[PDB]
>>> print(open('target.pdb').read())   # PDB, C-alpha atoms
ATOM      1  CA  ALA A  61       0.000   0.000   0.000  1.00  0.00           C
ATOM      2  CA  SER A  62       1.225   3.481  -0.918  1.00  0.00           C
ATOM      3  CA  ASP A  63       2.606   5.387   2.066  1.00  0.00           C
ATOM      4  CA  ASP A  64       0.790   8.508   0.866  1.00  0.00           C
ATOM      5  CA  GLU A  65      -2.510   6.715   1.501  1.00  0.00           C
ATOM      6  CA  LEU A  66      -1.758   6.381   5.216  1.00  0.00           C
ATOM      7  CA  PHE A  67      -0.261   9.860   5.376  1.00  0.00           C
ATOM      8  CA  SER A  68      -3.408  11.193   3.710  1.00  0.00           C
ATOM      9  CA  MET A  69      -5.365  10.281   6.838  1.00  0.00           C
ATOM     10  CA  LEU A  70      -2.954  12.553   8.690  1.00  0.00           C
ATOM     11  CA  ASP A  71      -3.262  15.373   6.161  1.00  0.00           C
ATOM     12  CA  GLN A  72      -6.883  15.904   7.224  1.00  0.00           C
ATOM     13  CA  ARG A  73      -6.404  15.283  10.958  1.00  0.00           C
ATOM     14  CA  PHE A  74      -3.154  17.249  11.259  1.00  0.00           C
ATOM     15  CA  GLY A  75      -4.677  20.149   9.329  1.00  0.00           C
ATOM     16  CA  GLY A  76      -7.831  19.429   7.359  1.00  0.00           C
ATOM     17  CA  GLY A  77      -8.914  22.182   4.997  1.00  0.00           C
ATOM     18  CA  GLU A  78      -6.689  25.042   3.858  1.00  0.00           C
ATOM     19  CA  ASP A  79      -5.949  27.384   0.941  1.00  0.00           C
ATOM     20  CA  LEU A  80      -2.237  27.338   0.114  1.00  0.00           C
ATOM     21  CA  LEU A  81      -1.222  24.729  -2.461  1.00  0.00           C
ATOM     22  CA  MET A  82       0.231  21.629  -0.796  1.00  0.00           C
ATOM     23  CA  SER A  83       2.713  21.149  -3.646  1.00  0.00           C
ATOM     24  CA  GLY A  84       5.569  18.730  -3.002  1.00  0.00           C
ATOM     25  CA  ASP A  85       9.364  18.523  -2.933  1.00  0.00           C
ATOM     26  CA  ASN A  86      10.430  15.886  -0.404  1.00  0.00           C
ATOM     27  CA  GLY A  87      14.083  14.887  -0.617  1.00  0.00           C
ATOM     28  CA  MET A  88      13.448  11.197   0.044  1.00  0.00           C
ATOM     29  CA  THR A  89      11.420   8.865   2.264  1.00  0.00           C
ATOM     30  CA  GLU A  90      12.803  10.193   5.553  1.00  0.00           C
ATOM     31  CA  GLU A  91      11.772  13.772   4.730  1.00  0.00           C
ATOM     32  CA  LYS A  92       8.131  12.707   4.788  1.00  0.00           C
ATOM     33  CA  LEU A  93       8.740  10.217   7.601  1.00  0.00           C
ATOM     34  CA  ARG A  94      10.240  13.086   9.621  1.00  0.00           C
ATOM     35  CA  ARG A  95       7.145  15.271  10.011  1.00  0.00           C
ATOM     36  CA  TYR A  96       4.450  12.589   9.763  1.00  0.00           C
ATOM     37  CA  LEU A  97       6.156  10.214  12.220  1.00  0.00           C
ATOM     38  CA  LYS A  98       7.333  12.811  14.726  1.00  0.00           C
ATOM     39  CA  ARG A  99       3.793  14.169  14.621  1.00  0.00           C
ATOM     40  CA  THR A 100       2.065  10.779  14.649  1.00  0.00           C
ATOM     41  CA  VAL A 101       3.644   9.576  17.881  1.00  0.00           C
ATOM     42  CA  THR A 102       2.545  12.848  19.501  1.00  0.00           C
ATOM     43  CA  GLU A 103      -0.957  12.727  17.996  1.00  0.00           C
ATOM     44  CA  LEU A 104      -1.050   9.048  18.850  1.00  0.00           C
ATOM     45  CA  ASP A 105       0.060   9.894  22.377  1.00  0.00           C
ATOM     46  CA  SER A 106      -2.446  12.756  22.504  1.00  0.00           C
ATOM     47  CA  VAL A 107      -5.572  10.780  21.595  1.00  0.00           C
ATOM     48  CA  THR A 108      -4.625   8.006  24.012  1.00  0.00           C
ATOM     49  CA  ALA A 109      -3.718  10.555  26.691  1.00  0.00           C
ATOM     50  CA  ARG A 110      -7.154  12.185  26.577  1.00  0.00           C
ATOM     51  CA  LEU A 111      -8.976   8.951  25.711  1.00  0.00           C
ATOM     52  CA  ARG A 112      -8.397   7.634  29.236  1.00  0.00           C
ATOM     53  CA  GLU A 113     -10.292  10.647  30.595  1.00  0.00           C
ATOM     54  CA  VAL A 114     -12.826  10.859  27.752  1.00  0.00           C
ATOM     55  CA  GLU A 115     -14.325   7.527  28.808  1.00  0.00           C
ATOM     56  CA  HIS A 116     -14.418   8.641  32.448  1.00  0.00           C
ATOM     57  CA  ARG A 117     -15.807  12.185  32.198  1.00  0.00           C
ATOM     58  CA  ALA A 118     -17.456  11.661  28.809  1.00  0.00           C
ATOM     59  CA  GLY A 119     -20.057  14.257  27.845  1.00  0.00           C
ATOM     60  CA  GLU A 120     -23.819  14.739  27.647  1.00  0.00           C
TER
ATOM     61  CA  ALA B  61      15.889  14.060  21.475  1.00  0.00           C
ATOM     62  CA  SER B  62      16.655  10.529  20.350  1.00  0.00           C
ATOM     63  CA  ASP B  63      14.046   9.030  18.078  1.00  0.00           C
ATOM     64  CA  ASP B  64      14.025   5.766  20.014  1.00  0.00           C
ATOM     65  CA  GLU B  65      12.668   7.614  23.012  1.00  0.00           C
ATOM     66  CA  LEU B  66       9.587   8.312  20.905  1.00  0.00           C
ATOM     67  CA  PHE B  67       9.551   4.917  19.252  1.00  0.00           C
ATOM     68  CA  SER B  68       9.886   3.358  22.689  1.00  0.00           C
ATOM     69  CA  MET B  69       6.467   4.433  23.920  1.00  0.00           C
ATOM     70  CA  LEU B  70       5.213   3.054  20.616  1.00  0.00           C
ATOM     71  CA  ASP B  71       7.086  -0.125  21.398  1.00  0.00           C
ATOM     72  CA  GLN B  72       4.969  -0.618  24.502  1.00  0.00           C
ATOM     73  CA  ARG B  73       1.717   0.513  22.920  1.00  0.00           C
ATOM     74  CA  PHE B  74       2.243  -1.400  19.696  1.00  0.00           C
ATOM     75  CA  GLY B  75       2.952  -4.530  21.699  1.00  0.00           C
ATOM     76  CA  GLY B  76       3.904  -4.162  25.342  1.00  0.00           C
ATOM     77  CA  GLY B  77       5.389  -7.283  26.885  1.00  0.00           C
ATOM     78  CA  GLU B  78       6.948 -10.194  25.019  1.00  0.00           C
ATOM     79  CA  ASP B  79       9.616 -12.881  25.192  1.00  0.00           C
ATOM     80  CA  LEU B  80      11.601 -12.925  21.999  1.00  0.00           C
ATOM     81  CA  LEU B  81      14.666 -10.685  21.928  1.00  0.00           C
ATOM     82  CA  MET B  82      13.962  -7.346  20.251  1.00  0.00           C
ATOM     83  CA  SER B  83      17.492  -7.226  18.833  1.00  0.00           C
ATOM     84  CA  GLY B  84      18.197  -4.672  16.125  1.00  0.00           C
ATOM     85  CA  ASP B  85      19.404  -4.418  12.535  1.00  0.00           C
ATOM     86  CA  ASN B  86      17.750  -1.453  10.838  1.00  0.00           C
ATOM     87  CA  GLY B  87      19.272  -0.333   7.550  1.00  0.00           C
ATOM     88  CA  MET B  88      18.813   3.366   8.257  1.00  0.00           C
ATOM     89  CA  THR B  89      16.360   5.913   9.642  1.00  0.00           C
ATOM     90  CA  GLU B  90      13.606   5.031   7.160  1.00  0.00           C
ATOM     91  CA  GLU B  91      13.479   1.396   8.288  1.00  0.00           C
ATOM     92  CA  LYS B  92      12.374   2.443  11.761  1.00  0.00           C
ATOM     93  CA  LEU B  93      10.261   5.263  10.369  1.00  0.00           C
ATOM     94  CA  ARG B  94       8.635   2.682   8.078  1.00  0.00           C
ATOM     95  CA  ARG B  95       6.908   0.757  10.879  1.00  0.00           C
ATOM     96  CA  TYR B  96       6.595   3.417  13.599  1.00  0.00           C
ATOM     97  CA  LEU B  97       5.182   6.046  11.238  1.00  0.00           C
ATOM     98  CA  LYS B  98       2.885   3.861   9.142  1.00  0.00           C
ATOM     99  CA  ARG B  99       1.657   2.385  12.414  1.00  0.00           C
ATOM    100  CA  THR B 100       1.310   5.458  14.584  1.00  0.00           C
ATOM    101  CA  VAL B 101      -0.761   6.980  11.795  1.00  0.00           C
ATOM    102  CA  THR B 102      -3.453   4.365  11.946  1.00  0.00           C
ATOM    103  CA  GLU B 103      -2.693   4.076  15.633  1.00  0.00           C
ATOM    104  CA  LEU B 104      -3.475   7.732  16.065  1.00  0.00           C
ATOM    105  CA  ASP B 105      -6.196   7.335  13.467  1.00  0.00           C
ATOM    106  CA  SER B 106      -7.545   4.588  15.696  1.00  0.00           C
ATOM    107  CA  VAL B 107      -7.596   6.198  19.098  1.00  0.00           C
ATOM    108  CA  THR B 108      -8.818   9.376  17.479  1.00  0.00           C
ATOM    109  CA  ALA B 109     -11.397   7.314  15.745  1.00  0.00           C
ATOM    110  CA  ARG B 110     -12.819   5.686  18.859  1.00  0.00           C
ATOM    111  CA  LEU B 111     -12.289   8.694  21.116  1.00  0.00           C
ATOM    112  CA  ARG B 112     -15.130  10.445  19.334  1.00  0.00           C
ATOM    113  CA  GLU B 113     -17.458   7.698  20.502  1.00  0.00           C
ATOM    114  CA  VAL B 114     -15.757   7.154  23.816  1.00  0.00           C
ATOM    115  CA  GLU B 115     -16.711  10.623  24.979  1.00  0.00           C
ATOM    116  CA  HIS B 116     -20.227   9.801  24.007  1.00  0.00           C
ATOM    117  CA  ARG B 117     -20.885   6.234  25.178  1.00  0.00           C
ATOM    118  CA  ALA B 118     -18.095   6.149  27.777  1.00  0.00           C
ATOM    119  CA  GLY B 119     -18.561   3.468  30.429  1.00  0.00           C
ATOM    120  CA  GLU B 120     -19.765   2.956  33.994  1.00  0.00           C
TER
END
>>> encode(input="target.pdb", output="structure tokens")
Amino acid sequence: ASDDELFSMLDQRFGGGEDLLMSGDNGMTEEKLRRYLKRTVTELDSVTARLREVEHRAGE
Amino acid sequence: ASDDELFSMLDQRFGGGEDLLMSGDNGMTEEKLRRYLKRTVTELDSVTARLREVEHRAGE
């Protein structure tokens, strides 16, 4: 499966909707793996971090 | 900060506890970034995905 497909899911979550052209000029694989991964672990850690409380407090 | 520090938390979340030696023999940065990124994306896309319902349904 194309890596872009997975990264696409992040494109919307990390910053869905915009105006400026996304364009593209990544040096290699790491370049993309740098921002998406560094961000993913944090986002991944974020959802899980709040998820523990979300189930507890919840919301009407 | 070392990348492993970030990939470590993922190590426990992606599969905490085991038996077989983790070892190590990654070609470069990508190699690690290949699994950790691709995973954390859906991983974050997962928690984020259920969190929306968790707040709602929650649990006694």
>>> resolve_selection(input="target.pdb", expression="the PyMOL selection byres ((chain B and resi 89) around 10)", output="list in words")
residues 89, 90, 93 and 94 of chain A; 63, 86, 87, 88, 90, 91, 92, 93 and 94 of chain B
>>> residues_around(input="target.pdb", residues="residue 108 (chain A)", least_positions_apart="4", cutoff="7 Å", atoms="all atoms listed in the file", output="list in words")
residues 104 and 112 of chain A; 107 of chain B
>>> interface_residues(input="target.pdb", of="chain A", to="chain B", cutoff="10 Å", atoms="all atoms listed in the file", output="ChimeraX atom specification")
/A:63-70,73,88-120
>>> build_atoms(input="target.pdb", residues="region 104-115 of chain B", atoms="N, CA and C atoms", output="mmCIF file, keeping the file's coordinate frame")
data_model
loop_
_atom_site.group_PDB
_atom_site.id
_atom_site.type_symbol
_atom_site.label_atom_id
_atom_site.label_comp_id
_atom_site.auth_asym_id
_atom_site.auth_seq_id
_atom_site.Cartn_x
_atom_site.Cartn_y
_atom_site.Cartn_z
ATOM 1 N N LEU B 104 -2.932 6.454 15.664
ATOM 2 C CA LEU B 104 -3.475 7.732 16.065
ATOM 3 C C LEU B 104 -4.838 7.892 15.419
ATOM 4 N N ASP B 105 -4.959 7.313 14.229
ATOM 5 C CA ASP B 105 -6.196 7.335 13.467
ATOM 6 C C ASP B 105 -7.207 6.398 14.104
ATOM 7 N N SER B 106 -6.714 5.559 15.004
ATOM 8 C CA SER B 106 -7.545 4.588 15.696
ATOM 9 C C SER B 106 -8.110 5.187 16.966
ATOM 10 N N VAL B 107 -7.215 5.592 17.844
ATOM 11 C CA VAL B 107 -7.596 6.198 19.098
ATOM 12 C C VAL B 107 -8.479 7.399 18.842
ATOM 13 N N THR B 108 -8.071 8.191 17.873
ATOM 14 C CA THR B 108 -8.818 9.376 17.479
ATOM 15 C C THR B 108 -10.183 8.994 16.967
ATOM 16 N N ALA B 109 -10.209 7.846 16.349
ATOM 17 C CA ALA B 109 -11.397 7.314 15.745
ATOM 18 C C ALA B 109 -12.417 6.827 16.767
ATOM 19 N N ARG B 110 -11.940 6.207 17.836
ATOM 20 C CA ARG B 110 -12.819 5.686 18.859
ATOM 21 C C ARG B 110 -13.117 6.728 19.926
ATOM 22 N N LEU B 111 -12.171 7.629 20.121
ATOM 23 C CA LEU B 111 -12.289 8.694 21.116
ATOM 24 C C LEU B 111 -13.575 9.486 20.934
ATOM 25 N N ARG B 112 -13.939 9.697 19.682
ATOM 26 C CA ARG B 112 -15.130 10.445 19.334
ATOM 27 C C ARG B 112 -16.383 9.782 19.897
ATOM 28 N N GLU B 113 -16.348 8.459 19.987
ATOM 29 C CA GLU B 113 -17.458 7.698 20.502
ATOM 30 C C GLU B 113 -17.306 7.484 21.991
ATOM 31 N N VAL B 114 -16.060 7.384 22.419
ATOM 32 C CA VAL B 114 -15.757 7.154 23.816
ATOM 33 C C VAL B 114 -16.353 8.243 24.690
ATOM 34 N N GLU B 115 -16.183 9.481 24.255
ATOM 35 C CA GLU B 115 -16.711 10.623 24.979
ATOM 36 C C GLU B 115 -18.198 10.468 25.166
#
